[PDB]
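If you read the sequences in order, they're chains P and Aa. The entry's author numbering runs 20 ahead of the 1-based position in the first sequence. The entry's author numbering runs 17 ahead of the 1-based position in the second sequence. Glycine residues also receive a C-beta, built at the ideal position from the N, C-alpha and C atoms.
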Amino acid sequence: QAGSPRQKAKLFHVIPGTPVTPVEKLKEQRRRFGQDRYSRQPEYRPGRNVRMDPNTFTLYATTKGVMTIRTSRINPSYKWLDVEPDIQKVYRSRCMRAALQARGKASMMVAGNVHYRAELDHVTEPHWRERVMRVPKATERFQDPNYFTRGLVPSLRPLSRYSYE
Amino acid sequence: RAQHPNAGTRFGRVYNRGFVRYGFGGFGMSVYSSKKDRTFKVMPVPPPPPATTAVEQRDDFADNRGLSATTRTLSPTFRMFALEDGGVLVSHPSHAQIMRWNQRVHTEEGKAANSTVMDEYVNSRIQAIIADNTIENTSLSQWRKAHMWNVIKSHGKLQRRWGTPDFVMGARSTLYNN
RNA sequence: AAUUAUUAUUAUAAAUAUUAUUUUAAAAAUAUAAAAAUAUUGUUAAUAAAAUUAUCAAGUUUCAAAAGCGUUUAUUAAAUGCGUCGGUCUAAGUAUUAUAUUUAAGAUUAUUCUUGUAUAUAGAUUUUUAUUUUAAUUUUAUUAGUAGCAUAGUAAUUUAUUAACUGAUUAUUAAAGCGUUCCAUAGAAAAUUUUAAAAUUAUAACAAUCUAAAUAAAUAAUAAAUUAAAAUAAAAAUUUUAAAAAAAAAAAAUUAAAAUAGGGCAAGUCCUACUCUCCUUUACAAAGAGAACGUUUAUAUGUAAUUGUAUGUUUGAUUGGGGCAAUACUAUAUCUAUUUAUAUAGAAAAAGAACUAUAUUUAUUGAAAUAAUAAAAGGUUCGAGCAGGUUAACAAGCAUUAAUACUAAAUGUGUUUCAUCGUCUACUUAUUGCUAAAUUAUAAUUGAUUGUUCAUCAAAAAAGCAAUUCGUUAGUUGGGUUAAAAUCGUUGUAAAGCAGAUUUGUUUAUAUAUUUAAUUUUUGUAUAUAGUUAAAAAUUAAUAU
RNA sequence: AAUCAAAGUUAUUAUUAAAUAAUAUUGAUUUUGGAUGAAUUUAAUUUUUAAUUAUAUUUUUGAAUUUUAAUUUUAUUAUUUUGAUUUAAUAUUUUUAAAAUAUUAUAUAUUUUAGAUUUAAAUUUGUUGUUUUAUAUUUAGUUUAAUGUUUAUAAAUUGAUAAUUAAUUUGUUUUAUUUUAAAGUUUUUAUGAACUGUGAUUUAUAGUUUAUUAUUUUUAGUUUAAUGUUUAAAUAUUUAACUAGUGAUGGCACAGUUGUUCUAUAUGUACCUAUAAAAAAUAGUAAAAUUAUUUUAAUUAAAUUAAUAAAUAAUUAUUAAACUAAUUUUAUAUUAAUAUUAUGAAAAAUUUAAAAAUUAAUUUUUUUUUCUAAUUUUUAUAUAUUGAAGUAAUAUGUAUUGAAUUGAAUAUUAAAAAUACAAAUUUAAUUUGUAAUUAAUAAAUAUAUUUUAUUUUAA
Ligand SMILES: [Mg+2]
Numbered sequence: 021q022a023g024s025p026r027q028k029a030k031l032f033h034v035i036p037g038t039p040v041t042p043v044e045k046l047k048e049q050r051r052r053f054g055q056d057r058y059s060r061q062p063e064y065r066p067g068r069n070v071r072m073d074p075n076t077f078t079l080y081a082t083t084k085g086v087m088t089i090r091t092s093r094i095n096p097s098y099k100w101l102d103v104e105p106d107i108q109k110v111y112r113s114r115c116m117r118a119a120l121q122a123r124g125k126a127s128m129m130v131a132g133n134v135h136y137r138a139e140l141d142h143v144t145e146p147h148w149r150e151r152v153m154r155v156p157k158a159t160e161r162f163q164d165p166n167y168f169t170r171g172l173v174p175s176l177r178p179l180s181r182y183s184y185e
Numbered sequence: 018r019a020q021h022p023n024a025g026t027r028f029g030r031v032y033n034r035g036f037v038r039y040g041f042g043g044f045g046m047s048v049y050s051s052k053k054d055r056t057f058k059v060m061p062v063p064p065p066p067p068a069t070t071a072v073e074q075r076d077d078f079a080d081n082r083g084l085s086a087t088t089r090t091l092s093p094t095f096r097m098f099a100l101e102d103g104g105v106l107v108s109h110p111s112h113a114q115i116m117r118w119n120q121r122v123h124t125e126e127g128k129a130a131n132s133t134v135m136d137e138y139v140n141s142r143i144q145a146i147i148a149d150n151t152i153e154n155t156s157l158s159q160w161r162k163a164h165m166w167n168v169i170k171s172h173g174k175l176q177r178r179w180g181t182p183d184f185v186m187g188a189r190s191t192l193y194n195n
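Encoded structure:
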């Protein structure tokens, strides 16, 4: 019927968890133009100190620092790329966290544990399902504009309605 | 053709016997199956003597008993002593004291009815061993019939080939093969 | 003519020279055929133009198709040739003439209609059809028509034959014959009838000439062999290997018995052709010379022009950048869309910008078989594939490889297939292959087979018909069209001159029937009637120490 | 019968070849004309028998390139009088021409038999020894400089002017080479019309049918067929056919981008692709080759692109490098610089596809010093005891329905009962008559073990 081109490799250009300069493409994402239509949703949305390039959806860090992926607590399909700027802040803990757990003195319930995050949130915020599932009535989503002039509410944000946690 | 070293067998391909079997995988070739193994397989073990000891003479994989149960015949003559080093000093009757004994057993073997014309023959060969050690085995006969010719070619230098300087003696001494 | 060779060098002349180069004790083939009863085409693609003869060497007849008698490198509806006709030419040849062509003579006729070349033309192109060239796709009237006529087919009918893929007849919408048609037609090629010497089937049937040995001493080919046999499995292949397991001369089954044709692919070159590419180009037109004629220009570009392109990938479509299909992707399967066409000359002169190319983007048209070729490998016919036979099992366009076409002749073979037990049919048409169908009754199925034999088919510009092509040409159909070397190894048939004698065991080309009669029991059984056998027929016998 | 491994020396004879060398040169191999000349003529403003010290420029963007070197100055066209010198080469003919070891029923040379077997090269695009070359002997047989010692010094930059605090080597100037054999071609001019075309060329040496001078034809050289098939022949023997030429084998005449053509792309001297001559055309883009044993660091890769593979990654290679936490006191081939004519991966595990394999896949992808030692072996277990066949009248009942008929055994219908015998055989129906839910334990392994093809040593 026709031909086809080869699908390019859209994968990580750093190692997640390790330090990162800004001139490194953190991930070269598929601007999933389904077939060069103009609407896509990238796999790894941008995170802390990470800024997305508009054209090719490639995440470039903005400040040199250790990098990481934060899988969304709600849906583990939607991930952010966090770059936390301090490289010593994590290195000087890893060298402990990996020196403690060698002597068998580190606890495995750490937040950073991959398989614990499901339970970690639930120890602290026990009804977080209901805090994101709750549907807001159009009254409270647009709090009385007079409360903005009377100054009660610091600033009305009517479009920020979605709980991205 | 992509002629690159490391793309196949380096220079061409050869089928040595360690390949025609045990190919890549150990099965190993599709053609050149292999030669049939025409060695001499050892024979299976004789039956042990009946038990009549009640010492569990039947047990095979036990600590006490060496596997072989050979209590054959004038084995009691092979009365062994314990040395100092842990060795053993086996005192056996000499090769003459046996053939001279064998004559006695054999000479009273066929005489009951009639010693055959071959029975008279054997006691001669036996009585020929005690006296002269007239040897009958190939390993010496195969050796002596040759070693003589080989050493007489030396005493009388029947070489015809005096050069033979270990390059020409290279093929020879390996075109022979023992 | 490579020679002291096939070989009267035929310019002449002549006619009674006892002029002077040819081994030899056999049968196979083979070259070849004296002789000889029947049979007459059943052989075959097809008998009949097939040497000489003192036995004096000759087939007759009918029908259909088919011109001139000359002439040709694959030898003929090839190309000639007379006439008619079309065009040209009155300052080099006679305009009832000679140039330049198309046809073909003889006899009937020679239809309908035009889009382009040519002519005429008026600055040229563009326009434009008295005659001519080429055309007519439903020209298609005359005329013949299954025909060298694109398939459909063996056309349907009739004959003819025991059997009609023959051939001839009738008509007749023939895939798209067609007025240069059609008829008439002789020696040719068919089809009958018929007769007949070639040794045509049946059928086999040596009279002739073609020794060994002695002598002289070349050729193809040659990696080796002590393996070569034989059987079985294989794994890429036809099998050949590997392995196991065995155990002298004729013929051509294998080795390469062949040469050399037959393919198709790759890069290279060749040669031919035309509306689209391009020079050297001699023609047409302009201008310049008081134009006395030769030159130079400008504008033009002609297949008359001999240059180069005419692809690549999957098989005929596709060429882009994405995406979904295990962050595999052959093109796999689906879809999308400002996803963008780099450079160089031109275009935009500040920082800003346009055009176009198989969208990585190097070149300046598209087509052919030219008997295409040269240097290579690699297949059509296969250890595996594909599409059109009663729907479905089957002819068989791609993964090997001097195996170098189907069929026939001859000559074998291992299988397998119901109750003994089993497998010999010959013909007609066409040589395609396989059926139809005639002989009362009618050939089991697989497999390996054909260099020994033919060539019928399939087949390489020799043509031609319809058919596709702008052309060169392409594909159906018919007539044509070399088909071949001294046998070394294996193999096998024989043999080794031997023998007062078949044989212990090996191992077996050698095996009684498959073209049906008359007996006799036709009774048993039931609407007709069996069964052992015998005679006759198919007419021939078989032992290495 | 069968084998059996096997002879290295002729003998005798003497002034070429090749390059080089910068002095001559009107055409080398008899005696022109021999009437008296007309007949023995090669000349013209072009890389020419004239042969030229640079890397910058400039240029259809890409095969195009540097100007006197000292003005007659020596780079200039060359031998007899050292067998003319030198260095390389070396013969060629005459006639020489040699030799005594392995069985006795068969695999292949070792003496002691048995063990033993790709013949090589290429080709293998692992369609993995893929059907190619080699008779043998000897001779001849293929060109990328493996090195930097004192005079002596280099090194960048803008588009351009310019700017050059911009940081720094090396070099008495290093250049030259680039495989080997092989086409069809292709262009440049010389030869050929004795073969054969066509032009032109012969005006009556046999037979015959018919009235006919036209016309049937004797017809021994020629449309066929056999033989021959490196043949007596690079076309002959025998033979069929044909044969009537006042219009033709033939005076000489036409020549190669062209002659001739009664036209076949045919022939023009035994393949018309004319011969002959002169080139280095291209051939790496699956042609054939590419010459020197005993060595001393490993591997594959598979992506961007292609009017479809000389180019790129990645690999490999040559040369060279520096020791960044991670652990043992383990273990690690990572790189730079250059050189690079490549598109497809066994057995698996799966995945597309009528595949009938191709495709994706991704781990393989063999070079034995010698004596010796060794743990993986063409040896593994296979379904029966029992043709239970005697032992008895019956009774809602031959239910009902459908049915010609049916009574447990036509058809459909199936949970009724009571005193047990309705999924059949049997009969046109029934009765009779077969039949009466039973002993029949393969399981208990058989040899397990030992013992054999690769785990070491010594030299
Ligand atoms: Mg040599």
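Cα-Cα separation between residue i and residue j, rounded to whole angstroms
| i | j | result |
| --- | --- | --- |
| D149(Aa) | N119(Aa) | 16 Å |
| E44(P) | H33(P) | 7 Å |
| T76(P) | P66(P) | 13 Å |
| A24(Aa) | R18(Aa) | 11 Å |
| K128(Aa) | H164(Aa) | 41 Å |
| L84(Aa) | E73(Aa) | 13 Å |
| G180(Aa) | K53(Aa) | 42 Å |
| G37(P) | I89(P) | 8 Å |
| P67(Aa) | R82(Aa) | 15 Å |
| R96(Aa) | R121(Aa) | 22 Å |
| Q49(P) | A29(P) | 9 Å |
| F98(Aa) | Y138(Aa) | 39 Å |
| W148(P) | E139(P) | 12 Å |
| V59(Aa) | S141(Aa) | 33 Å |
| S97(P) | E63(P) | 8 Å |
| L120(P) | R114(P) | 9 Å |
| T94(Aa) | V105(Aa) | 15 Å |
| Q176(Aa) | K170(Aa) | 7 Å |
| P105(P) | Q20(Aa) | 52 Å |
| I94(P) | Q61(P) | 17 Å |
For residue j and residue i, believed in contact at Cβ under 8 Å, the rounded distance
| i | j | result |
| --- | --- | --- |
| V110(P) | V134(P) | Incorrect: roughly 16 Å between the Cβ atoms, too far for contact. |
| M116(Aa) | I147(Aa) | 5 Å |
| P165(P) | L176(P) | 7 Å |
| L101(P) | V143(P) | About 26 Å; that fails the 8 Å criterion. |
| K47(P) | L79(P) | 5 Å |
| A126(P) | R117(P) | 6 Å |
Near ligand 3: residue i beta-carbon under 6 Å from a heavy atom
| i | result |
| --- | --- |
| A113(Aa) | Looking at this structure, you won't find ligand 3 anywhere; what it does contain is ligand 1. |
Entirely within the region 67-144 of chain P and at least 4 residues each: give me those alpha helix (DSSP H) ranges in chain order. DSSP runs (the alpha helix (DSSP H)) wholly in the region 67-144 of chain P: 107-120, 137-144.
Where are the beta strand (DSSP E) runs, 3 residues long or more, that stay fully inside the region 40-111 of chain Aa, in chain order? Runs found: 96-99, 105-108.
Runs of 4 residues minimum, wholly inside the region 127-195 of chain Aa: which ones carry the alpha helix (DSSP H) assignment? 136-149, 155-172, 185-188, all fully within the region 127-195 of chain Aa.
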